[PDB]
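Student:
2 protein chains.
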Amino acid sequence: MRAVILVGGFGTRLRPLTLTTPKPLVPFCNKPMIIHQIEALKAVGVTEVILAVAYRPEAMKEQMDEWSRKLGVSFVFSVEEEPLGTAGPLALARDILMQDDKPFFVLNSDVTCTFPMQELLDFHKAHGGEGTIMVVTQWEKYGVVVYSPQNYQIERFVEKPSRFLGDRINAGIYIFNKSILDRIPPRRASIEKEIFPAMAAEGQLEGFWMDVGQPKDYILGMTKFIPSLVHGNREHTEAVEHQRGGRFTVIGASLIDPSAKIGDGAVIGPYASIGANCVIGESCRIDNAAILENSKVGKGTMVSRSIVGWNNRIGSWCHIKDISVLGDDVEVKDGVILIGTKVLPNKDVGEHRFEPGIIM
Amino acid sequence: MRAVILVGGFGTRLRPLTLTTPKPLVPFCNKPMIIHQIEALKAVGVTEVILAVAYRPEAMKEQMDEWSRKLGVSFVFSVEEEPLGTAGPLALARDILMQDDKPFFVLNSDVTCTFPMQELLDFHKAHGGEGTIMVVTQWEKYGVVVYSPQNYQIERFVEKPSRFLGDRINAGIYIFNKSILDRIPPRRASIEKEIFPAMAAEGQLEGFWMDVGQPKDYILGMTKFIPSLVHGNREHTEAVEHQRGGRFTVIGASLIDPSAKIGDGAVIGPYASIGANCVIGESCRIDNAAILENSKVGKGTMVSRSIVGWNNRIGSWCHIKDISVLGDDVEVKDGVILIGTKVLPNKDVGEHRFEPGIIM
Ligand SMILES: Nc1nc2c(ncn2[C@@H]2O[C@H](COP(=O)(O)OP(=O)(O)O[C@H]3O[C@H](CO)[C@@H](O)[C@H](O)[C@@H]3O)[C@@H](O)[C@H]2O)c(=O)[nH]1
Ligand SMILES: Nc1nc2c(ncn2[C@@H]2O[C@H](COP(=O)(O)OP(=O)(O)O[C@H]3O[C@H](CO)[C@@H](O)[C@H](O)[C@@H]3O)[C@@H](O)[C@H]2O)c(=O)[nH]1
Ligand SMILES: [Mg+2]
Ligand SMILES: [Mg+2]
Numbered sequence: 009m010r011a012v013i014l015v016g017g018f019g020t021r022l023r024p025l026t027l028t029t030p031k032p033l034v035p036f037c038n039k040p041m042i043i044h045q046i047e048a049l050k051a052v053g054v055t056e057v058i059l060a061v062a063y064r065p066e067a068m069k070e071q072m073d074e075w076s077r078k079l080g081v082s083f084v085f086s087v088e089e090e091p092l093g094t095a096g097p098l099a100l101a102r103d104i105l106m107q108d109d110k111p112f113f114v115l116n117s118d119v120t121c122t123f124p125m126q127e128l129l130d131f132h133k134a135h136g137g138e139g140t141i142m143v146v147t148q149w150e151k152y153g154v155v156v157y158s159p160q161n162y163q164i165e166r167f168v169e170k171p172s173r174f175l176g177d178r179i180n181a182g183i184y185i186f187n188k189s190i191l192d193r194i195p196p197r198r199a200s201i202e203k204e205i206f207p208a209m210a211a212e213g214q220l221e222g223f224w225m226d227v228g229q230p231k232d233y234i235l236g237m238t239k240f241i242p243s244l245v246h247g248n249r250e255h256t257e258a259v260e261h262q263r264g265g266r267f268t269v270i271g272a273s274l275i276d277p278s279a280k281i282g283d284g285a286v287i288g289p290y291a292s293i294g295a296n297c298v299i300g301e302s303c304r305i306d307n308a309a310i311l312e313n314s315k316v317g318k319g320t321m322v323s324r325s326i327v328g329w330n331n332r333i334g335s336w337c338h339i340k341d342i343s344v345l346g347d348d349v350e351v352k353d354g355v356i357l358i359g360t361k362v363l364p365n366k367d368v369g370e371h372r373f374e375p376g377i378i379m
Numbered sequence: 009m010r011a012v013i014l015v016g017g018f019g020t021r022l023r024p025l026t027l028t029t030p031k032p033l034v035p036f037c038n039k040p041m042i043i044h045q046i047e048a049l050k051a052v053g054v055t056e057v058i059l060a061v062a063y064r065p066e067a068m069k070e071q072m073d074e075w076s077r078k079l080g081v082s083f084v085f086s087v088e089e090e091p092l093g094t095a096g097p098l099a100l101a102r103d104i105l106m107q108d109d110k111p112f113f114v115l116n117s118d119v120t121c122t123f124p125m126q127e128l129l130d131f132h133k134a135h136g137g138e139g140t141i142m143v146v147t148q149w150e151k152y153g154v155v156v157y158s159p160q161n162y163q164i165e166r167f168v169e170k171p172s173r174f175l176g177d178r179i180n181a182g183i184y185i186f187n188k189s190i191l192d193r194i195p196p197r198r199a200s201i202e203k204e205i206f207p208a209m210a211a212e213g214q220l221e222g223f224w225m226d227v228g229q230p231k232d233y234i235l236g237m238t239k240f241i242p243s244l245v246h247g248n249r250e255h256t257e258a259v260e261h262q263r264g265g266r267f268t269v270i271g272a273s274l275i276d277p278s279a280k281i282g283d284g285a286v287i288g289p290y291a292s293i294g295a296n297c298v299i300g301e302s303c304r305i306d307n308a309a310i311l312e313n314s315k316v317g318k319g320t321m322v323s324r325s326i327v328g329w330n331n332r333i334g335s336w337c338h339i340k341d342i343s344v345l346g347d348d349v350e351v352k353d354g355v356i357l358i359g360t361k362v363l364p365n366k367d368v369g370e371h372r373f374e375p376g377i378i379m
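One line per chain: the protein sequences are B and E, in this order.
Numbered by the deposited numbering, the letters in the first sequence go through residues 9 to 143, 146 to 214, 220 to 250, 255 to 379 in order.
Numbered by the deposited numbering, the letters in the second sequence go through residues 9 to 143, 146 to 214, 220 to 250, 255 to 379 in order.
1) Counting only runs of 3+ residues fully inside the stretch 266 to 295 of chain B, write out the beta strand (DSSP E) ranges in chain order.
2) Going straight from the alpha carbon of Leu22 of chain B to that of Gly228 of chain B, what length do you get?
3) Please confirm if the stretch 336 to 353 of chain B is in contact with the stretch 72 to 87 of chain E, defined as three or more CB-CB distances below 8 Å between the two stretches.
4) Rounded to whole angstroms, what's the CA-CA distance from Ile241 of chain E to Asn248 of chain E? Just pull it up for me.
5) Could you compute how far the alpha carbon of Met142 of chain E sits from the alpha carbon of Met125 of chain E?
6) Is the CB-CB distance between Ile293 of chain B and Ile275 of chain B below 8 Å?
7) Return the Cβ separation of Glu150 of chain E and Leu175 of chain E in integer angstroms, given the expectation that the two are a contact with Cβ distance under 8 Å.
8) Taking only beta-carbon atoms, is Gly284 of chain B less than 8 Å away from chain E?
9) Considering just the uninterrupted stretch of the alpha helix (DSSP H) at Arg102 of chain E, what are its terminal residues?
10) Looking at the unbroken alpha helix (DSSP H) that takes in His338 of chain B, where does it start and where does it end?
11) Would you say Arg324 of chain B faces chain E, with C-beta separation under 8 Å as the test?
12) Quick check on the DSSP output: the beta strand (DSSP E) that includes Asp306 of chain E runs from which residue to which?
13) Does the stretch 350 to 361 of chain B touch the stretch 24 to 43 of chain E, meaning 3 or more C-beta pairs lie closer than 8 Å?
14) Which residues have their C-beta within less than 6 Å of a heavy atom of ligand 4, listed in chain order?
15) For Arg304 of chain B, return the contacting residues in chain E, with the cut-off set at a CB-CB distance below 9 Å.
16) Could you please give me the residues that DSSP links to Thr360 of chain B through a beta bridge?
17) Any C-beta of chain B sitting closer than 8 Å to the C-beta of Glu138 of chain E?
18) List the residues of chain E that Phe373 of chain B touches, going by C-beta distances under 7 Å, in chain order.
19) Quick one: which chain B residues come within Cβ less than 8 Å of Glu370 of chain E?
20) Compute the distance between the beta-carbons of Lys280 of chain B and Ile305 of chain B, then report whether it is under 8 Å.
21) Excluding the 5 residues flanking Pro277 of chain E on each side, which residues of the same chain have their C-beta closer than 8 Å to its C-beta?
22) Let me know if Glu165 of chain E comes out buried or exposed under the rule of 16 or more other beta-carbons within 10 Å of its beta-carbon.
23) Tell me which residues of the stretch 286 to 315 of chain B have at least one Cβ-Cβ distance to chain E shorter than 9 Å, keeping chain order.
24) Following a CB-centred definition, is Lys31 of chain B positioned closer than 7 Å to any heavy atom of ligand 1?
25) Is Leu92 of chain B near ligand 6, judged by its Cβ being under 7 Å from some heavy atom?
26) State the DSSP-derived secondary structure class of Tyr157 of chain E, mapped to helix, strand or coil.
27) If I follow the unbroken alpha helix (DSSP H) through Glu70 of chain B, where does it start and stop?
28) Are there any heavy atoms of ligand 1 lying less than 7 Å away from the beta-carbon of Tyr63 of chain B, as far as the coordinates show?
29) State the Cα-Cα distance for the pair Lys366 of chain E and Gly328 of chain E, rounded to the nearest angstrom.
30) For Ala208 of chain B, does the count of other Cβ atoms within 10 angstroms reach 16, so buried, or fall short, so exposed?
31) Give me the DSSP bridge partner(s) of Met321 of chain E.
32) Since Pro111 of chain E and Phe186 of chain E should fall inside the 8 Å C-beta cutoff, what is the C-beta to C-beta distance between them, to a whole number of angstroms?
33) Tell me where the alpha helix (DSSP H) around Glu150 of chain E begins and ends.
34) Take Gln160 of chain B and list the residues in its own chain whose beta-carbon comes closer than 8 Å to its own, dropping the five residues that flank it on each side.
35) At a cut of 8 Å, does the stretch 282 to 297 of chain B reach the stretch 305 to 316 of chain B through at least three beta carbon pairs?
36) What is the rounded straight-line gap between the Cα of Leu14 of chain E and the Cα of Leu129 of chain E?
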């Protein structure tokens, strides 16, 4: 009946875009990352969502703007504990307890997946069935390796192993009972306080899954996510939007906000997202690139596999390719080629950069 | 009544384009380099032009194609003497003498200028007044430094001085009397056999001038030459051609052959030349670039300050910038960025190149 969406975190990996807005609130395709999870939780039977915000408590205004659909008015913060925020639910053990006794969800704010949230009870094992499903299944460099046999047990939990194999990792979605919040409230920073060795069956995905918290991970997660959204979002059959401005062609599926304007002959490539009020030039090429909001693009740029931040002003014949994240209010002069260079907010780029790097 | 246009030479400096056609026959703006000089000679009083062709005697067919206007049928070659071809006029001393006794012009085939060819006799000093006029006035690295006082005498003649100052250099256009061809015919290779120390008067440019024999020199000479052509060729007032295909905008003056096709929204930049039968994409940018013939360009490329050879097929969203000469029948894949890379004929480019170099 309640969920704990961990939103407090510096967002160091997605740095060029998180210098302006918290990582939960940077849009993924056309909505903020937390909004997808909040919509899934609205689909399942919960009403109140509590947020543990630490990095930037000024997300309250944006949440109130998005507060119309769901009652997510709850907001708690005293002092920076941890981006992982194990004490997050523990610091708010009183609110979860006295209102209701039902199990409470715990989710990361930078995770995208099918979001099952099944109405099936799954009362023999809470987190084992959900989160990382048992047949997740990717590189072991990031995320915790989970060793689970066919009988849904867990005995090992290593956050960042050096080389331990175990391609299965947690999806980042957890469901806990009221005993967990009362089990280990250490009152300080800790990492998820998983004491799974002690027990099995109590207390503690088939679909795409991606930890959308890094630029390349952002692009790959968008690539995996856009095809799965064709069933429900706006249902001219090549993509979600094919006629918004003039006459443009689309290759593959793409998400284009009806408020955007597209020039004559632009080629919106596979798995691309165009934000609200965005303007796209005559003969652009948006190949697996995300344009956030209010950005303007000249005639003939090819922004490919990169991210264009809010209120940008891209030049006329630029190349923004590889993994190059542009910050807020970044203006790029005509003919500038950016390849894997991250630009901090409020900068003007007039020089070419053929190697990965950072622009202050 | 006769002229000797030196056309025999390997064209090593303009190599990527001269591997297919001799340097005289590579088009400058819309016509071969020799054709401008032949037209100027036709403007002045002369009928027969003799060519000393060494590198490729296959230029005969193209000359016969251009033979309609002028009687340039003469062609002489026995064995490779020199690209400078001092023995050129000397090896054909019999034809110039017996036919006529009038002074004969001598020109380089890679020189562009105002081409005065004044009908004034200027018989007090033949080459002093013409060629390098005395007030040429450029770098001393290339060309011979000519030291001329206000009385029009030549004393020193050093082909490639190390550091001798003397910004004045010869224009490359010479006029000689019948004594020169009978003075020193050594029957072998030599360098212009200039014996100016012996004589001062009659023994033998106020305008733009450029030795168009190098890629960067080609671009700069085209830049200096197109504005001077606005008076004569085709006299919508921004450039020579402004409406040939769809609706495109032009910045500055440019030469576009009526046989070409231009897309909707292309921006033909300052001092650009488009060849016959060439096709330009929807939103290209032709900035100080020359398209030779039959080349096709996709939607949104920016070919800037570079040369695109015959029968090319440029990709859709390329960037051919800096001084990057493309050879005959070179195909470039979409999104390829070429910066100062010369491509030999009959090659396919699919990889980026951010540094000057050669593509085999
Ligand atoms: N940096 C950041 N982290 C946040 C934020 N909001 C919440 N977090 C939480 O910070 C935690 C760790 O930061 P991440 O970079 O997001 O996770 P990670 O360290 O790459 O790995 C963690 O997430 C995996 C999910 O893919 C999980 O394996 C597990 O949470 C792991 O500790 C996550 O649990 C996430 O909920 C934010 O705005 N910024
Ligand atoms: N390489 C080449 N040279 C040719 C060709 N046809 C004629 N030539 C003659 O080859 C001579 C020297 O080669 P260039 O590269 O054209 O001249 P340069 O060595 O840069 O300098 C010469 O030209 C200057 C005019 O700018 C003059 O200073 C003088 O001719 C000097 O030797 C020039 O006189 C030119 O007429 C050709 O197809 N290729
Ligand atoms: Mg994460
Ligand atoms: Mg020359």
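C-beta atoms are modelled at their ideal positions from N, C-alpha and C, and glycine is treated no differently.
Tutor: Taking the definition as stated:
1) 292 to 295
2) Within the first sequence, the letter at position 14 stands for residue 22 of chain B. Within the first sequence, the letter at position 213 stands for residue 228 of chain B. Going by the C-alpha atoms only, they are around 6 Å apart.
3) no
4) Here the question's residue 241 of chain E lines up with position 226 in the second sequence. Here the question's residue 248 of chain E lines up with position 233 in the second sequence. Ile241 of chain E and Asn248 of chain E: Cα-Cα distance of roughly 10 Å.
5) Residue numbering aside, residue 142 of chain E sits at position 134 when the second sequence is read from its first letter. Residue numbering aside, residue 125 of chain E sits at position 117 when the second sequence is read from its first letter. Between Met142 of chain E and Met125 of chain E, the C-alpha separation is close to 16 Å.
6) Position 274 of the first sequence, counting from 1, holds the residue named residue 293 of chain B. Position 256 of the first sequence, counting from 1, holds the residue named residue 275 of chain B. Yes, the pair counts as a contact, with Cβ atoms nearer than the cut-off.
7) As a working mapping, residue 150 of chain E is identified with position 140 in the second sequence. As a working mapping, residue 175 of chain E is identified with position 165 in the second sequence. That belief holds up - the Cβ atoms of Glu150 of chain E and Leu175 of chain E are roughly 7 Å apart, short of 8 Å.
8) Position 265 of the first sequence, counting from 1, holds the residue named residue 284 of chain B. Judged by the 8 Å Cβ criterion, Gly284 of chain B is in contact with chain E.
9) Taking the second sequence and counting its residues from 1, the one referred to as residue 102 of chain E is at position 94. Run containing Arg102 of chain E: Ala101 to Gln107, per the alpha helix (DSSP H) assignment.
10) The residue you call residue 338 of chain B lines up with position 319 of the first sequence. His338 of chain B -> not in any alpha helix (DSSP H); beta strand (DSSP E) instead, spanning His338 to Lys340.
11) On the first sequence, residue 324 of chain B is found 305 positions in, with the first residue counted as 1. With 8 Å as the cut-off, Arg324 of chain B does not count as an interface residue toward chain E.
12) For this step, residue 306 of chain E is matched to residue 287 along the second sequence. Here the beta strand (DSSP E) through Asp306 of chain E covers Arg304 to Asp306.
13) no
14) E:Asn116, E:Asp118, E:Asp226 and E:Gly228
15) Counting from 1 along the first sequence, the entry for residue 304 of chain B is found at position 285. Within chain E, the residues near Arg304 of chain B are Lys318, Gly319, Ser335, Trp336, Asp353 and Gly354.
16) Residue 360 of chain B sits at position 341 when you count from the first residue of the first sequence. Paired residue(s): B:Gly376.
17) If you number the second sequence from 1, residue 138 of chain E lands on position 130. Judged by the 8 Å Cβ criterion, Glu138 of chain E is not in contact with chain B.
18) Against the first sequence, residue 373 of chain B aligns to sequence position 354. Result: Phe373.
19) For the purposes of this step, residue 370 of chain E is identified with residue 351 of the second sequence, where counting begins at 1. The contacting residues do not exist; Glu370 of chain E stays about 13 Å from chain B at best.
20) The residue you call residue 280 of chain B lines up with position 261 of the first sequence. The residue you call residue 305 of chain B lines up with position 286 of the first sequence. Not closer than 8 Å, so no.
21) Here residue 277 of chain E corresponds to residue number 258 of the second sequence, with the count starting at 1. Around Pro277 of chain E: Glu260 and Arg263.
22) Position 155 of the second sequence holds residue 165 of chain E. Exposed, because fewer than 16 other Cβ atoms sit within 10 Å of the Cβ of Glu165 of chain E.
23) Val286, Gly300, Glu301, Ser302, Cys303, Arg304 and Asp306
24) Numbered from 1 along the first sequence, position 23 holds the residue referred to as residue 31 of chain B. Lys31 of chain B Cβ: within cutoff of ligand 1.
25) Questions concerning ligand 6 fall outside what the structure shown contains, since the ligands it does hold are ligand 1, ligand 2, ligand 3 and ligand 4.
26) Along the second sequence, one-based indexing puts residue 157 of chain E at 147. If DSSP states are grouped into helix, strand and coil, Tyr157 of chain E belongs with coil.
27) Your numbering for residue 70 of chain B matches position 62 in the first sequence. Note, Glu70 of chain B: alpha helix (DSSP H), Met68 to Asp73.
28) Locating residue 63 of chain B in the first sequence gives position 55, where the first residue counts as 1. The answer is yes for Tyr63 of chain B.
29) Along the second sequence, one-based indexing puts residue 366 of chain E at 347. Along the second sequence, one-based indexing puts residue 328 of chain E at 309. Cα-Cα distance, rounded: 12 Å.
30) Counting from 1 along the first sequence, the entry for residue 208 of chain B is found at position 198. Exposed: under 16 other Cβ atoms inside 10 Å.
31) Taking the second sequence and counting its residues from 1, one reaches residue 321 of chain E at position 302. Partner(s): E:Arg304.
32) In the second sequence, counting from the first residue as 1, residue 111 of chain E sits at position 103. In the second sequence, counting from the first residue as 1, residue 186 of chain E sits at position 176. Indeed they touch by this definition, with Cβ atoms about 6 Å apart.
33) Taking the second sequence and counting its residues from 1, the one referred to as residue 150 of chain E is at position 140. Unbroken run through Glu150 of chain E: none, as it is neither H nor E.
34) Within the first sequence, residue 160 of chain B is the residue found at index 150, counting from 1. Excluding sequence neighbours, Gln160 of chain B sits near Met142.
35) yes
36) As a first step, residue 14 of chain E is located in the second sequence; it is residue number 6 there, counting from the start. As a first step, residue 129 of chain E is located in the second sequence; it is residue number 121 there, counting from the start. Going from the Cα of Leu14 of chain E to the Cα of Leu129 of chain E covers about 24 Å.
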